[PDB]
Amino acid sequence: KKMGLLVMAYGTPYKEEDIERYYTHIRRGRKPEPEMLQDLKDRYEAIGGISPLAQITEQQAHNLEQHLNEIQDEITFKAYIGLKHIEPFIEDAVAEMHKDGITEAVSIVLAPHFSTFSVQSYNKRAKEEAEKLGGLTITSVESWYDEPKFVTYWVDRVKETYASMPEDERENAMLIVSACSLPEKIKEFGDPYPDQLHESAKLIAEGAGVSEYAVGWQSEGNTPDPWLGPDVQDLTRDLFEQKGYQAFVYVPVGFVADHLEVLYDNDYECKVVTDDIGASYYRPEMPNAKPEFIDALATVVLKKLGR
């Protein structure tokens, strides 16, 4: 049995040549002004370049198809990447599947929390393009933050981080678990996105044994509408002022890979804030394409299919 494996993600530019069109796409067609563009470029430079980041999704999708075809023998999976904000787009991935003769696919988004703006939008764009082309069906994973193998990944890293600490810090530490902020209007549709982030943080804090943790949001866009808050920078400060913590540990659980939203908005922006206040900054390794994470994903996909 052959099945397409449609792996979807937000996307990151493969080359600097694409930073401009990437950002224009995110800004819903509004082209960056030259100084904004330069600012962006400088950020990617500071984190060591854009090229490494794109490759991680490629390796994630490839490892997942491989481990999927390794662990069972009734389905042969073939992976297709479809990205929201850069080529190959979701629609081009479905088009390729159809060309290769695929009639049934399973899709998964590389974002463990369901939202209307992210997961649902991707799943719908995929299904609508399958329907336009005819004779291809897609069953879509909606959320997987609660998969135990995925909780275990983050719990072990948090445990290792607290274990590595000075004794002084362990007893005066704060866990901040976060994901990408979205327009506050999502709550008009009862979007469970904020609740699922709360549940993630609890699952991970409790598995790690952590009584003190908070949920924050990051990497918000600039629009006239309110976005989900508090932002991690304001939360880190409010927390250092209701209780004066000495170490802050950041688990960007909404992100699966090293990209700008982590390497910059956490390791720079939040680290600017901890350094200032002389609390310590910790941020454990992102899952990227480590075996333990890909196994969790394979399990999510098989569970979805009824195995």
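Heads up: residue numbers just count along the shown sequence, starting at 1.
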Response to the item:
Avg C-alpha B-factor, entry values, 59 to 67 vs 26 to 34, higher side is 26 to 34
Worksheet item: As stated in the PDB record, which stretch has the larger average Cα B-factor, 246 to 254 or 46 to 54?
Response: 46 to 54
Practice prompt. Compare the CA B factors listed in the entry for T76, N123, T137, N172 and report the winner.
Written response: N172
Discussion item. Between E104, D225, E142, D191, which one tops the list for Cα B-factor in this entry?
Written reply: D225
Worksheet entry | CA B-factor placement of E292, once the chain's modelled residues are sorted into thirds | middle
Worksheet, complete the sentence: Of the three thirds of the chain ranked by Cα temperature factor, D100 occupies the highest
Practice prompt. Select lowest, middle or highest to describe the third in which the CA B-factor of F117 falls within its chain in this entry.
Written response: highest
Item to complete: Divide the modelled residues of the chain into thirds by Cα B-factor and specify which third, lowest, middle or highest, holds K202.
Response: middle
Item to complete: Using the B-factors in the PDB entry, rank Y162's C-alpha atom against the chain and give the third, lowest, middle or highest.
Response: middle
